[PDB]
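What's in my_file.tsv: TSV, C-alpha atoms
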chain	number	residue	atom	x	y	z
A	87	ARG	CA	0.00	0.00	0.00
A	88	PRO	CA	0.98	3.62	-0.78
A	89	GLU	CA	3.00	4.10	2.37
A	90	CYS	CA	5.53	1.43	1.45
A	91	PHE	CA	6.98	4.03	-0.95
A	92	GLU	CA	8.59	7.34	0.00
A	93	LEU	CA	8.07	9.93	-2.78
A	94	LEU	CA	11.28	11.16	-4.37
A	95	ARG	CA	10.03	13.64	-6.92
A	96	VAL	CA	6.97	14.42	-9.00
A	97	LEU	CA	7.16	13.24	-12.59
A	98	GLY	CA	4.11	14.63	-14.32
A	99	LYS	CA	0.80	16.21	-13.35
A	100	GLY	CA	0.42	14.72	-16.78
A	101	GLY	CA	-2.91	13.29	-17.79
A	102	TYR	CA	-5.65	12.21	-15.40
A	103	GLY	CA	-4.13	12.15	-11.92
A	104	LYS	CA	-0.36	12.36	-11.25
A	105	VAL	CA	2.81	10.26	-11.50
A	106	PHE	CA	5.55	10.02	-8.86
A	107	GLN	CA	9.03	8.57	-8.97
A	108	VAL	CA	9.18	6.61	-5.73
A	109	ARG	CA	11.43	4.39	-3.70
A	110	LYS	CA	10.32	1.35	-1.72
A	111	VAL	CA	10.90	0.74	2.02
A	112	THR	CA	9.05	-2.35	3.37
A	113	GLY	CA	8.84	-5.81	1.89
A	114	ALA	CA	10.89	-7.73	-0.69
A	115	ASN	CA	12.67	-5.38	-3.10
A	116	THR	CA	13.70	-2.57	-0.74
A	117	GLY	CA	14.81	0.83	-1.93
A	118	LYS	CA	14.69	-0.04	-5.60
A	119	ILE	CA	13.30	2.91	-7.49
A	120	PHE	CA	9.95	3.04	-9.28
A	121	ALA	CA	7.19	5.05	-10.93
A	122	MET	CA	3.77	5.21	-9.31
A	123	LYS	CA	0.78	6.50	-11.27
A	124	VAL	CA	-2.00	7.67	-9.01
A	125	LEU	CA	-5.55	7.82	-10.36
A	126	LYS	CA	-8.58	9.47	-8.69
A	142	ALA	CA	-8.53	0.56	-18.95
A	143	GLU	CA	-5.07	2.12	-18.73
A	144	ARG	CA	-4.58	-0.64	-16.17
A	145	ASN	CA	-6.27	-3.41	-18.08
A	146	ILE	CA	-3.81	-2.81	-20.88
A	147	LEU	CA	-0.57	-2.64	-18.93
A	148	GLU	CA	-1.61	-5.83	-17.19
A	149	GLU	CA	-1.62	-8.23	-20.19
A	150	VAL	CA	1.12	-6.71	-22.30
A	151	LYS	CA	4.48	-8.23	-21.51
A	152	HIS	CA	6.82	-7.02	-24.22
A	153	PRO	CA	10.38	-5.71	-24.15
A	154	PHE	CA	9.38	-2.35	-25.59
A	155	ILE	CA	6.24	-1.81	-23.47
A	156	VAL	CA	6.60	-0.41	-19.96
A	157	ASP	CA	6.30	-3.14	-17.33
A	158	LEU	CA	3.60	-3.29	-14.66
A	159	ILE	CA	4.80	-4.31	-11.19
A	160	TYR	CA	1.95	-3.77	-8.72
A	161	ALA	CA	-1.54	-2.31	-8.78
A	162	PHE	CA	-4.14	-1.33	-6.15
A	163	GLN	CA	-6.51	1.30	-4.76
A	164	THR	CA	-7.58	3.10	-1.61
A	165	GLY	CA	-9.77	6.07	-0.73
A	166	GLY	CA	-10.74	6.68	-4.35
A	167	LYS	CA	-7.06	6.54	-5.28
A	168	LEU	CA	-5.83	3.80	-7.63
A	169	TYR	CA	-2.08	3.33	-7.66
A	170	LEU	CA	-0.08	1.82	-10.49
A	171	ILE	CA	3.57	1.02	-10.00
A	172	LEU	CA	5.62	0.74	-13.19
A	173	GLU	CA	9.33	0.17	-13.83
A	174	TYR	CA	11.20	3.44	-13.67
A	175	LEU	CA	12.71	4.51	-16.94
A	176	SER	CA	16.09	6.12	-16.61
A	177	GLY	CA	16.36	6.95	-20.28
A	178	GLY	CA	14.08	9.95	-20.10
A	179	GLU	CA	12.07	10.88	-23.20
A	180	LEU	CA	13.44	9.89	-26.58
A	181	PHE	CA	12.65	13.35	-27.71
A	182	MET	CA	14.95	15.18	-25.48
A	183	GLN	CA	17.63	13.28	-27.33
A	184	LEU	CA	16.00	14.79	-30.36
A	185	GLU	CA	16.20	18.18	-28.62
A	186	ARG	CA	19.92	17.53	-28.23
A	187	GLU	CA	21.16	16.26	-31.58
A	188	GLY	CA	18.88	18.43	-33.68
A	189	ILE	CA	17.84	15.74	-36.11
A	190	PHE	CA	18.82	12.04	-36.09
A	191	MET	CA	20.93	10.46	-38.84
A	192	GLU	CA	18.90	8.10	-40.96
A	193	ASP	CA	20.29	5.12	-39.02
A	194	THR	CA	20.00	6.67	-35.59
A	195	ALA	CA	16.35	7.05	-36.52
A	196	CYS	CA	15.81	3.71	-38.21
A	197	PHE	CA	16.83	2.08	-35.00
A	198	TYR	CA	14.47	3.80	-32.61
A	199	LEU	CA	11.78	3.43	-35.26
A	200	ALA	CA	11.98	-0.35	-35.69
A	201	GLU	CA	11.74	-1.01	-32.00
A	202	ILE	CA	8.64	1.11	-31.68
A	203	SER	CA	7.40	-0.77	-34.72
A	204	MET	CA	7.52	-4.18	-33.11
A	205	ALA	CA	5.79	-2.64	-30.13
A	206	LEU	CA	2.88	-1.34	-32.11
A	207	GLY	CA	2.94	-4.77	-33.64
A	208	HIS	CA	2.26	-6.63	-30.48
A	209	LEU	CA	-0.24	-4.10	-29.20
A	210	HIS	CA	-2.25	-4.62	-32.33
A	211	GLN	CA	-2.61	-8.39	-32.38
A	212	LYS	CA	-3.95	-7.80	-28.88
A	213	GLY	CA	-6.47	-5.34	-30.27
A	214	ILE	CA	-4.94	-2.30	-28.53
A	215	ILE	CA	-4.47	0.77	-30.73
A	216	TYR	CA	-2.30	3.57	-29.45
A	217	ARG	CA	-3.91	6.57	-31.11
A	218	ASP	CA	-1.26	9.00	-29.80
A	219	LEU	CA	2.34	7.96	-30.22
A	220	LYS	CA	3.61	11.49	-29.74
A	221	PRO	CA	7.40	11.76	-29.52
A	222	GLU	CA	6.72	12.67	-25.92
A	223	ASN	CA	5.18	9.46	-24.63
A	224	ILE	CA	8.01	7.31	-25.82
A	225	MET	CA	10.47	6.53	-23.02
A	226	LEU	CA	13.97	5.11	-22.97
A	227	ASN	CA	15.21	2.63	-20.35
A	228	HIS	CA	18.56	2.33	-18.55
A	229	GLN	CA	20.01	0.42	-21.50
A	230	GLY	CA	18.80	3.00	-24.00
A	231	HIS	CA	15.98	1.05	-25.65
A	232	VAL	CA	12.38	2.08	-26.33
A	233	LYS	CA	9.45	1.76	-23.96
A	234	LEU	CA	5.90	2.78	-24.77
A	235	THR	CA	4.27	4.26	-21.73
A	236	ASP	CA	1.34	6.65	-21.47
A	237	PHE	CA	-2.05	5.22	-22.40
A	238	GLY	CA	-5.46	6.87	-22.04
A	255	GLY	CA	-2.68	17.18	-25.61
A	256	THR	CA	-0.75	17.78	-28.86
A	257	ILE	CA	-2.17	16.79	-32.21
A	258	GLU	CA	0.64	17.25	-34.74
A	259	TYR	CA	1.29	13.50	-34.41
A	260	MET	CA	-2.08	11.88	-34.87
A	261	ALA	CA	-3.90	10.88	-38.03
A	262	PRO	CA	-6.42	12.97	-39.92
A	263	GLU	CA	-9.21	10.42	-39.57
A	264	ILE	CA	-9.20	11.24	-35.87
A	265	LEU	CA	-9.01	15.01	-35.83
A	266	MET	CA	-12.35	14.91	-37.61
A	267	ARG	CA	-13.68	11.84	-35.79
A	268	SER	CA	-14.13	9.16	-38.45
A	269	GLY	CA	-12.60	6.80	-37.86
A	270	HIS	CA	-10.04	4.53	-35.93
A	271	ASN	CA	-8.21	1.15	-36.53
A	272	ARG	CA	-4.63	0.30	-36.74
A	273	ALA	CA	-4.16	2.83	-39.49
A	274	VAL	CA	-3.99	5.83	-37.18
A	275	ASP	CA	-1.08	4.36	-35.32
A	276	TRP	CA	1.03	4.10	-38.46
A	277	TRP	CA	0.29	7.58	-39.68
A	278	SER	CA	1.57	8.72	-36.33
A	279	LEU	CA	4.65	6.69	-37.05
A	280	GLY	CA	5.55	8.76	-40.05
A	281	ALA	CA	5.27	11.96	-38.01
A	282	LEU	CA	7.76	10.57	-35.59
A	283	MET	CA	10.27	9.45	-38.19
A	284	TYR	CA	9.76	12.50	-40.33
A	285	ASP	CA	10.28	14.52	-37.20
A	286	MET	CA	13.23	12.40	-36.37
A	287	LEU	CA	15.06	13.04	-39.66
A	288	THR	CA	13.78	16.63	-39.83
A	289	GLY	CA	13.73	18.88	-36.75
A	290	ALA	CA	9.91	18.91	-36.67
A	291	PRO	CA	6.61	17.22	-37.66
A	292	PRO	CA	5.22	17.18	-41.25
A	293	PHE	CA	2.42	19.59	-40.49
A	294	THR	CA	2.22	22.65	-38.19
A	295	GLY	CA	2.08	26.47	-38.05
A	296	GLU	CA	1.24	29.04	-35.44
A	297	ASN	CA	-2.27	27.97	-34.59
A	298	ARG	CA	-4.20	25.03	-33.30
A	299	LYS	CA	-6.52	25.79	-36.16
A	300	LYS	CA	-4.20	26.11	-39.13
A	301	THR	CA	-2.18	23.17	-37.85
A	302	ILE	CA	-5.27	20.98	-37.81
A	303	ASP	CA	-6.32	22.34	-41.16
A	304	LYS	CA	-2.87	21.65	-42.54
A	305	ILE	CA	-3.02	18.01	-41.54
A	306	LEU	CA	-6.38	17.38	-43.12
A	307	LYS	CA	-5.02	18.99	-46.27
A	308	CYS	CA	-1.88	16.83	-46.05
A	309	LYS	CA	0.41	18.18	-48.80
A	310	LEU	CA	3.41	16.02	-48.09
A	311	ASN	CA	6.46	18.23	-48.39
A	312	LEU	CA	9.57	16.05	-48.43
A	313	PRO	CA	13.13	17.13	-47.86
A	314	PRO	CA	15.56	16.41	-50.71
A	315	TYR	CA	18.26	14.87	-48.52
A	316	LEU	CA	16.27	11.82	-47.47
A	317	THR	CA	17.46	8.61	-49.18
A	318	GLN	CA	14.89	7.19	-51.52
A	319	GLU	CA	13.72	4.59	-49.00
A	320	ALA	CA	13.16	7.02	-46.15
A	321	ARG	CA	11.02	9.01	-48.53
A	322	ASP	CA	9.26	5.99	-49.87
A	323	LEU	CA	8.30	4.88	-46.36
A	324	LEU	CA	7.02	8.36	-45.44
A	325	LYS	CA	4.95	8.71	-48.58
A	326	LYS	CA	3.56	5.30	-47.63
A	327	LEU	CA	3.09	5.95	-43.93
A	328	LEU	CA	1.66	9.43	-44.16
A	329	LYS	CA	-0.99	8.65	-46.78
A	330	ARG	CA	-4.26	10.55	-46.16
A	331	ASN	CA	-6.42	7.55	-47.09
A	332	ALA	CA	-5.97	5.10	-44.25
A	333	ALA	CA	-6.91	1.96	-46.11
A	334	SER	CA	-3.91	2.33	-48.40
A	335	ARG	CA	-1.59	3.61	-45.72
A	336	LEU	CA	1.20	1.06	-45.61
A	337	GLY	CA	0.72	-1.07	-42.52
A	338	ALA	CA	-3.06	-1.00	-42.56
A	339	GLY	CA	-3.21	-4.36	-44.31
A	340	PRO	CA	-4.05	-7.53	-42.36
A	341	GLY	CA	-0.29	-7.90	-42.28
A	342	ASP	CA	0.12	-4.85	-40.06
A	343	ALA	CA	3.60	-4.28	-38.65
A	344	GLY	CA	4.57	-6.90	-41.17
A	345	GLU	CA	4.17	-4.71	-44.19
A	346	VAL	CA	5.97	-1.78	-42.52
A	347	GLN	CA	8.83	-3.74	-41.01
A	348	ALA	CA	9.22	-5.28	-44.45
A	349	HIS	CA	9.90	-2.06	-46.35
A	350	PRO	CA	13.52	-1.72	-47.34
A	351	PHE	CA	14.03	1.24	-45.05
A	352	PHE	CA	14.57	-1.39	-42.35
A	353	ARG	CA	16.58	-3.77	-44.54
A	354	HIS	CA	19.60	-3.70	-42.19
A	355	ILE	CA	17.43	-4.73	-39.28
A	356	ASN	CA	17.72	-8.19	-37.69
A	357	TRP	CA	14.29	-8.44	-36.08
A	358	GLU	CA	15.31	-11.40	-33.87
A	359	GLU	CA	18.38	-9.61	-32.64
A	360	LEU	CA	16.38	-6.50	-31.89
A	361	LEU	CA	13.56	-7.90	-29.79
A	362	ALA	CA	16.35	-9.39	-27.68
A	363	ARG	CA	17.89	-6.02	-26.80
A	364	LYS	CA	21.17	-7.30	-28.24
A	365	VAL	CA	21.43	-4.43	-30.74
A	366	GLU	CA	23.36	-1.34	-29.60
A	367	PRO	CA	21.35	1.92	-29.36
A	368	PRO	CA	23.08	4.95	-30.82
A	369	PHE	CA	22.70	6.84	-27.55
A	370	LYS	CA	23.40	5.49	-24.04
A	371	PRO	CA	21.91	7.95	-21.43
As structure tokens, how would this structure be written, given the file I've shared?
Amino acid sequence: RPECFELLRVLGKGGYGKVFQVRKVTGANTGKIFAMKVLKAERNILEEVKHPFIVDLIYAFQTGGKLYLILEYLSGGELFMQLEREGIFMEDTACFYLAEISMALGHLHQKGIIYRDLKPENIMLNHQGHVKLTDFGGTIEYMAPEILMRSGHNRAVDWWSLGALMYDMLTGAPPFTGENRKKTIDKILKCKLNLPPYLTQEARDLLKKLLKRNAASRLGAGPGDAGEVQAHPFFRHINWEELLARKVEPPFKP
């Protein structure tokens, strides 16, 4: 119960409730560090998923209206401070972090869980420097059209979002924006895909195939899901067995 854990620091008033980084005192593991989400289902989901790129659930419970989740603490911080730091990622640097995520969305989906968001914010790194999907249910420049004007929904969305990430990985910012919640929205729904020149063919090919306005023909929408995507030759240097075994070295070690 909540009092087993001293509170070390607040992590985010983010979302419904709050999230504390905490340390444990009683019981088995003692003084290990943790993250404790406190909610006055996000749970349901974290409970089944057991996947090396999806944040682990350790304990759950409730009290006086308060439900407490206790997840592994993620020392890597947000992927997209690293972005903040190195401006834009090299095509490889990005193709790494992208594949991982990809096998994560892949799982999620066969378990009928679609992520909707996949901002560059709610993508956490761990001690090792790998990728861990985190916040389930803000900032729209990363979600599909077919949502913004409620349509809509299905695996598609997720993959659109995936472009935005990558695009925003290899280019300092998302594919659509501009100084306005309005015009930004508008600009998405009129999705005139402006590509850089300096992207290799493949990178561009993927994007044009991820960011397609019609979901149905968005690469990855097929019944083959993360199969199609992972298949595309942008990830041709990727050893998918090696990767899901965290035996591949991440280009940044926090």
- prompt: Residues at most 8 Å from region 102-113 of chain A, counting only C-alpha atoms, excluding those fewer than 4 positions away in the same chain, as an MDAnalysis selection string?
  reply: chainID A and resid 90:98 117:126 174
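With distances restricted to all atoms listed in the file, A:221 is the closest residue to residue 289 (chain A) from A:238, A:221, A:339, A:262.
Shortest atom-to-atom contact with residue 257 (chain A) among A:303, A:359, A:187, A:345: A:303, counting only C-alpha atoms.
With distances taken over all atoms listed in the file, A:232 is the one residue among A:150, A:316, A:232, A:310 lying closest to residue 176 (chain A).
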Residue contacts of region 267-270 of chain A (10 Å, all atoms listed in the file) excluding same-chain residues fewer than 6 positions away, as a VMD selection string: chain A and resid 215 217 261 332
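In this model, the gap between CA of residue 229 (chain A) and CA of residue 367 (chain A) comes to 8.1 Å.
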Expected axis-aligned box over every listed atom of region 272-277 of chain A, 5 Å added per side, centre plus edges in Å to one decimal, as lines of an AutoDock Vina configuration file:
center_x = -1.8
center_y = 3.9
center_z = -37.5
size_x = 15.7
size_y = 17.3
size_z = 14.4
message: Which residues are close to residue 260 (chain A), i.e. within 10 Å by all atoms listed in the file, leaving aside same-chain residues fewer than 5 positions away? Reply as an MDAnalysis selection string.
response: chainID A and resid 216:220 265 274:282 305
Anything within 9 Å of (21.0, 6.1, -25.0): list those residues as a PDB file with C-alpha atoms, keeping the file's coordinate frame, counting all atoms listed in the file and sticking to the file's coordinates.
ATOM      1  CA  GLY A 177      16.360   6.950 -20.280  1.00  0.00           C
ATOM      2  CA  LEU A 180      13.440   9.890 -26.580  1.00  0.00           C
ATOM      3  CA  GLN A 183      17.630  13.280 -27.330  1.00  0.00           C
ATOM      4  CA  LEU A 226      13.970   5.110 -22.970  1.00  0.00           C
ATOM      5  CA  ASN A 227      15.210   2.630 -20.350  1.00  0.00           C
ATOM      6  CA  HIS A 228      18.560   2.330 -18.550  1.00  0.00           C
ATOM      7  CA  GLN A 229      20.010   0.420 -21.500  1.00  0.00           C
ATOM      8  CA  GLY A 230      18.800   3.000 -24.000  1.00  0.00           C
ATOM      9  CA  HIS A 231      15.980   1.050 -25.650  1.00  0.00           C
ATOM     10  CA  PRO A 367      21.350   1.920 -29.360  1.00  0.00           C
ATOM     11  CA  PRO A 368      23.080   4.950 -30.820  1.00  0.00           C
ATOM     12  CA  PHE A 369      22.700   6.840 -27.550  1.00  0.00           C
ATOM     13  CA  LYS A 370      23.400   5.490 -24.040  1.00  0.00           C
ATOM     14  CA  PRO A 371      21.910   7.950 -21.430  1.00  0.00           C
TER      15      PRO A 371
END
- prompt: Between A:154, A:357, A:259, A:315, which is the closest to residue 292 (chain A) once you count all atoms listed in the file?
  reply: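 Result for the nearest residue to residue 292 (chain A): A:259.
With only C-alpha atoms as the atoms that count, the minimum distance from residue 101 (chain A) to the choices A:295, A:314, A:350, A:255 is reached by A:255.
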message: Considering all atoms listed in the file, can you say which of A:159, A:338, A:198, A:212 comes closest to residue 326 (chain A)?
response: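 Nearest candidate to residue 326 (chain A) out of A:159, A:338, A:198, A:212: A:338.
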query: What's the 12 Å shell around residue 348 (chain A), counting only C-alpha atoms, without same-chain residues fewer than 4 positions away, as a list in words?
result: residues 200, 203, 204, 319, 323, 336, 337, 341, 342, 343, 344, 352, 353, 354, 355, 356 and 357 of chain A
task: Identify, on the basis of all atoms listed in the file, every residue whose closest approach to residue 358 (chain A) does not exceed 12 Å; exclude the query and any residue fewer than 4 positions from it along the same chain; express the result as a PyMOL selection string.
output: chain A and resi 200-201+204+362-365
Go ahead and write the selection's residues with C-alpha atoms as a short mmCIF file (atom, residue, chain, number, x, y, z; two decimals), in the coordinates of the input.
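After the write, out19.cif holds the following:
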data_model
loop_
_atom_site.label_atom_id
_atom_site.label_comp_id
_atom_site.auth_asym_id
_atom_site.auth_seq_id
_atom_site.Cartn_x
_atom_site.Cartn_y
_atom_site.Cartn_z
CA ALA A 200 11.98 -0.35 -35.69
CA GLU A 201 11.74 -1.01 -32.00
CA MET A 204 7.52 -4.18 -33.11
CA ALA A 362 16.35 -9.39 -27.68
CA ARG A 363 17.89 -6.02 -26.80
CA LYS A 364 21.17 -7.30 -28.24
CA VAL A 365 21.43 -4.43 -30.74
#
- request: Figure out the distance between CA of residue 196 (chain A) and CA of residue 158 (chain A), please, to one decimal in Å.
  value: 27.4 Å
message: Just the number, please: distance in Å from CA of residue 169 (chain A) to CA of residue 88 (chain A), one decimal.
response: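 So the two atoms, CA of residue 169 (chain A) and CA of residue 88 (chain A), lie 7.5 Å apart.
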